[PDB]
């Protein structure tokens, strides 16, 4: 049975989805009679909730409520469009315009995370939720289970002293430290590749090369026929995100300044979708 304090506030309904350690249910908030989603995580979820309670961005999910019972229950706003995964599965692909709208929002979300010292580390189509069943909708990033808070590092503390007794490998790691966030830009690149083409850049399908070797050489699977209808600009961005050196890789800022995203129609549609979502209280002047 559901925990009493959850049943007290919400009437639980049908299943909307079902992940590995969890499941998502439709619920009705008793006070308002409005629909919510409730994510169940079976037994640092509590610290995932505190990360998410701090963040305030339209393209990142918000926690409405939380119950820590036999299992964890996370209440959030309904995302009726479901997962992005379902739009790209089975070689389905989105219009290039729709890819741009979605991707712009993802970049804004992840930029906001990185500005706020948070790395997601598990960006995938499964973790991108769509607001509605309409093509032109808002998206939100979810599932912060693998996320990490950037702070003062062990390395930074060590380098304040004299390294008389310090191991060489620690000194060598200074070259590449502080680029953990680049893992999210790589994932975005892979997500963009999938959205534009309907297939994954790295995959064991009809190849001899190991997945690991595909990834570390950066040699994505390019099938000209699938890509011919896609613009050069969109593929150019993909290529700047799938750079194997994390220091040369495009950051979210660099991506947002890329020609592919200098598209005032797309941006207008995003802004229009935002005000439509919003319900403010009346302003002076």
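Numbering follows the first chain given and starts at 1.
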Unmodelled residue 262 in at least one third of other entries with both flanks present: no
Residue 71 not built in a third or more of the other entries: no
Missing residues, deposited sequence, between residue 31 and residue 32 (class: none, 1 to 3, 4 to 9, 10 or more): none
Given 90-98 and 190-198, the range whose Cα B-factors average higher in the PDB entry: 90-98
Comparing 67-75 with 112-120, the one whose average Cα B-factor in the PDB entry is higher: 67-75
Candidate set 255, 248, 230, 36 [ranked by C-alpha B-factor, highest]: 230
Identity of residue with top Cα B-factor, from 213, 169, 135, 83: 135
Residue 45 - Cα temperature factor, lowest/middle/highest third of chain: highest
Lowest, middle or highest third - CA B-factor, residue 141: lowest
Among modelled residues of the same chain, the CA temperature factor third for residue 148: middle
Within-chain third of residue 226 by Cα B-factor, per the entry: highest
Residue 161 - which third its CA temperature factor falls in, relative to the rest of the chain: highest
